[PDB]
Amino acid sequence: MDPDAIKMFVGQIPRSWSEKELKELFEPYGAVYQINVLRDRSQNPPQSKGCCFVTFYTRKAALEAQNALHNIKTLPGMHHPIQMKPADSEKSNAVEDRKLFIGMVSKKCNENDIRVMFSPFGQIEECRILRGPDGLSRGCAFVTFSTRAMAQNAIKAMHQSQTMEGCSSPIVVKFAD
């Protein structure tokens, strides 16, 4: 398979189908490397959970199949069309693993001051000062970078690097809970 191939998750497959029927469904869109039905072994006999993974050899074939099938094609006996999307095992750079909690921020700071402070470390895609139900700043912020490496460099360079106005302790910079 190509180094950029995508394993795809496919839902709304008839439980009666196996890899044999799925091979006939998918191969017209491109060469298929692997098909695996997700199975339930909780009792005897085991059964299909009604979904599968398909890995095309090429990324282009995976994307064309997804474009052609997802919410388009209804398989026999089904009441809803195929759902098709990249498999969760393909996720690599999750937002939660590149989001920082910034603590001990001056209650005066706004999202723009934080961006100015953390911009040197990479592309910021989200920045929020945290506010309670009264609307008052809670003295902390969330900063999401585009990659985890950016977030880690910000931690090493900024954690306890200074104490802001009105704060009892130096700024805290850590991966968010």
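Residues carry their position along the shown sequence, with the first being 1.
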- Item | Mean Cα B-factor comparison, 25 to 33 or 56 to 64, giving the higher one as deposited | 56 to 64
- Higher-B stretch (mean Cα B-factor, as the entry records it), 41 to 49 or 109 to 117: 109 to 117
- Message: Quick check on the deposited entry: does the C-alpha B-factor of residue 5 sit in the lowest, middle or highest third of its chain?
- Response: highest
- CA B-factor placement of residue 91, once the chain's modelled residues are sorted into thirds: highest
- Message: Taking only the Cα B-factors deposited for this chain, tell me whether residue 81 sits in the lowest, middle or highest third.
- Response: middle
